[PDB]
Each structure stands twice: as C-alpha cells, then as structure tokens.
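In structure tokens, one chain follows: the form deposited in one PDB entry.
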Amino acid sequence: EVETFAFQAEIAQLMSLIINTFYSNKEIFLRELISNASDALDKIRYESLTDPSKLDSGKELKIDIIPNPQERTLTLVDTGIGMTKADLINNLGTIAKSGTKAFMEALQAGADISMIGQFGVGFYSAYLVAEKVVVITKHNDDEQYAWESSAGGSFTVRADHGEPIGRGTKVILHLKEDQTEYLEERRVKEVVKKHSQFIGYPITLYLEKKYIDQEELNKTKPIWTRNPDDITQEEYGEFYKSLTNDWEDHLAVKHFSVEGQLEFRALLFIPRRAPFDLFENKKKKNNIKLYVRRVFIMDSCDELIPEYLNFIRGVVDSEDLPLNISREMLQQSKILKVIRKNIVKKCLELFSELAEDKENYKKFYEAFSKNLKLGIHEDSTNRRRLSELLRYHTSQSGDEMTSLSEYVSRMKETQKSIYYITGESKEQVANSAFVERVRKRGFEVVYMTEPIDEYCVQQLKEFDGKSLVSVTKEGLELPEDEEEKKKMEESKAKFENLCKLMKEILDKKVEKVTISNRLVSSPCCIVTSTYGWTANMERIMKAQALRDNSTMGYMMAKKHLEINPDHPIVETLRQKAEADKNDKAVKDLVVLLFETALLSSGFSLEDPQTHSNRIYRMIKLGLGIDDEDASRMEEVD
C-alpha cells in the first residue's frame, strides 16, 4: 500500500520561531505596524475611487502614534479599511496568511497600487516588545470588535463597546517591563525616521508637553516617484537638504530609471563640497540607501557603488526585489552587482556631462579630484573614461588647469609622447633641472604635484594612443636632427674617461654614469631606471606607516648619474682627470657634486651630516679659521 498525507504545522513552535529567530533588531516592530497601516489606507483609498460613499465614516487618511507612560502602552491608530470579524479571524489568527496578497490577486490587472506585505507573519513582530496586544477594528460592513492575545496559543474575539472608531484599526501594545525605551520622543522619532520616512500618508505623533502636541515626522515626500521632467531644481535642492541636512544645495543631480527583468529608479546627488571625514574607514558608510516600495531595506556597504564614489548621496527604489523574511536583506545578492554597474555607468555619464559647464566643473574637480584619481588607481573597466576627466597644470598653461585632450590637440608633429614630472610642489618641479631642455625646445610638460598623482600615473600608461613619459626616468627620447646626433656622439666619445673615473669613485652609489640629453644650465642630475619607484614615489612609500619594510629592495630603482658636457665645471673636471686621474680635488669635487645632485633630485641622504660637514669645512677654509724584511713583505708570497 502507498499512503498519502498532508503537511502539518506545530503552532507553539512556529510562534516561538517567529518571535525569537526571525528578526535581529527589536525596533522593526514599528516598521511592520506602519507598513500594515499604510496597506490598509491604500486599500480604503483605492476602494473609494469607484464608490465615494465608502468615506462617509471620515474623509481623511492618516496614522497616529500615542505613547502613554502612565499605562506603559503604545497605540497606533489608522483610519484604513478596517477588519471584519471573519477577516480578523482569518488574517490575524492565521500564520502565513496575508490579506494584502489576496486583495492584490483579486485586483483587476493594470491598476495603480503598490502595497507592502506578502508573507503574513509581520504582525507577530509586535511581540518582540509587547507582552499583550489588543486590536480594535471597525469595518464599513460590520460592527466594532476587539482582538486580544499574548501569543500563547490562543486569542479571544469579542464585540467592543466604547469610544467609537469611525473606521479603521487601533493597535495597543502593552510593552514589557524592560522595553520602556519606546515611550520616549527621541527613540520613536529616530525609529520612524530610519525606517518609515517615506510612507505615503502623514504619521502624526501625540505627546504631553499641559496640552497634546502634534508632529508629522514625515513632512518630506519621495520626489523620485515623479517624472524627471516635471521637477525643478528648487524641489531637488529641498529634497537634498532634507535628506542630507546640508545648509546649501547640491551641485548636480541625476534622475534615471531602468526597465526590464530588473527595474528600479535612482536619484544621485553630487555634494557641493567634500565632507571633512570622507575617507575615514570607521564610518559604516550609508551614502546610498536601498528602498523597496518606499520602505528602507539596507545601506550601501560598498555593494551598490565602488569605494571611490563614496561621496555621492542618493536613493535607489525598486518595486519587485525578492526580500528575506526579515526585510533587511536581499535574496539573490548577485543583483547588487547589476545595480552597481548601472549606477557607475550613470555616474560617469553625469560627470562627463557636467564637464561642459566649465565653471561648475572647476568646483567639482577642486572637491573630488582625489576620488577620481583613486578610481583610476582602482578601477580597470572605467579607466579610459576616468582619464578624460583629469585636469593638470602644464608648463605652457598659466594659472589654469588643462585637460589631456587639449595637450594632445596642442602637440607638435614630431612629438609622440606626453611629458610629465611628479614632485612635491609646483614651484619645485617648474624650476627643476629635468625640464630645462624639454621646455627650451618648446615642448609642453604636465605638472603633477600631489602624492595621489603617483598612484594615478602608475596605472595610466597611455592616453589617446600616446604614451606618458616621465622626465625623471632614464631613457628620455626627444626628436632630434642629424647634426644634434653627431654632436651627441662626439661628446659621448670625448667624455668616456671621465665617466669611467666617476663610476670608479662612486663605487656603489650609482649604477651608471652617462652623458645627459636633458640639461641646459645644470652640471648633473640623477634619474631612475625604467622599472622601479621614482624618487618621488620612493619618498612617498617610505613615509607610509602600514608598509612592509622587508619588500623595499624588490621595488626600488637603480640610480643613474647624468652629466652636462656643456658646463664649465664638467669641462674642468675632464681636463683635471686627463692631467692626473688620482688627484684629490677631483675626488672631493665628484663626491660633492653627487651629493648636491642627490639632494636636488628628490632623494634623501643616508647621512645628511656628511654633507653638512663638507659644507662647514669649505666655510672654515674660506674664512681661514684653520727594515730588511720590508722588501720581503711585498715582493712574492
């Protein structure tokens, strides 16, 4: 025989599971009750569309909250559709039965209504804080009833006589002896602001201040539900100020929507200035928030947007996203990746279109160039688009910052590269010895004078098909002529002995001594190999607190010393070396020149006191301050 059975439930254990293991925060009971009230008001309002007689028992739709520390109770009154006796029994008394779901299903297809609630277990979160719950309901087709229980396996229903509720429901919670924190103004205000900010009906609060004072608590409205064309910039400013508590309005706004298998609407704001604690990593970022049917779900958590776009304040609202049983998380978390892709694409479009208005792009860049450069350092997919948003000072430009596109459009015909220099300040780089020849020849040099520029240019290899070339690295190539090549070759042939001697004296400080092709009025300079940290990058990396000092040897570059053949000092040194290569003066001059070049090229001396002592010795001099076994020892064995 093959028997057949039907599944069953254990009501006591099911209630225990619902109360204890479903919700982690005890504050979401208010969110659940306000969602229920909003659903009821939606139901009554929709029904009254085709039968205005349904509002004869009151015409205003609202929600009220009434603390009562004397009785230690919290009341939530709404003027919604209300519940009949049969509806009371079938909906409140049944676990996993939802009246809202059935109402939506019976609804004629193609109607404007979006009601929260599809599970049928939200009402029992009220027992997170309440020892006993009383519900007083009143429908248009029935009398007024009272529903009472303690979640102890049974509930009672009785006809209720008393103050008449014209229409709707009243929920009274008898808070526990340890849950009295929810009878205070601050706590209720904060909970409602966090969870039920954008409910479609006023949520008034009644408090004893004697007289009964009232506050709406949800004055602002979700403008993102309206068409973008209908909204004026003043309304956007008002919404942004209400959202972020900023005394001044946004700088730019983006309002888009996505349709298809996954649909949502978004509102993205660009602040007018950077917050004082933008990059601090102990903040629990909540710049962008996710809503489902105007109810808060979760904060960003760097899931809806990359970390370098954390300065953007906005909202993302969806109609149909599968939620967890506790509506503070998404099932199928991989949807967040699609949402993030769309948001990033639209943010880049916003930045690109804001670049046309030069005056406002100036402010935006001055505020968030750090974020743009960090994104270049981090993001590989959007690197090309981000590179077009960068602005730099150049040698040819004045006090203005130019783009790389203008640099490319202003290049020479022979030029094949973009020349840049990184240093500690604009003054330092502009007067450096690396740029004398490049600037004399009429080429343009890009100045990058911030530490973040190092990280930025590590990943930027070429722009618009043209490579980026550092003037402080070995192997600089410039367009040249035959006569210049002949002069360079003759100079190189004439200075071989001096180069060899200088390498001998600087035994291990340098890796190579060559003839420069980038100097005009300086005697020498120090450049670094093609692969490895530049002087500026090495300086920045050695100053980092959380840096592994064991790995420095792997990343450093070798120093090359370059000398200027057309300088008096170099010619004198060459003549002296030809005269007598072991001259003391030559050795002291070589060491002093190397130290000075090291200091001026961005490096730090191993012992500055040696350089100081050499200078002091020069100053004092200027001031005029002050056997037979021998032949055996060094002959053979």
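Residue numbers run from 1 along the displayed sequence. In this text, rigid core is short for the largest set of C-alphas that superpose within 1.5 Å between two forms.
Where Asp626 is followed by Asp627 in the displayed chain, the model omits 10 or more of the deposited residues that sit between the two. In the deposited sequence, the stretch from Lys209 to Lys210 hides 10 or more residues that have no coordinates.
The same protein has a further form, the form deposited in another entry, not shown here; the description that follows concerns it.
Residue showing a CA shift of 2 Å or more between this form and the one not shown (rigid core superposed; candidates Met555, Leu243, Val338, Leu278): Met555. The two forms, fitted on the rigid core, differ between this form and the one not shown by less than 2 Å at the CA of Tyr308. Comparing the forms between this form and the one not shown, the C-alpha position of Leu74 differs by less than 2 angstroms, with the core used for superposition. Annotation for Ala126: C-alpha shift under 2 angstroms between this form and the one not shown, rigid core superposed.
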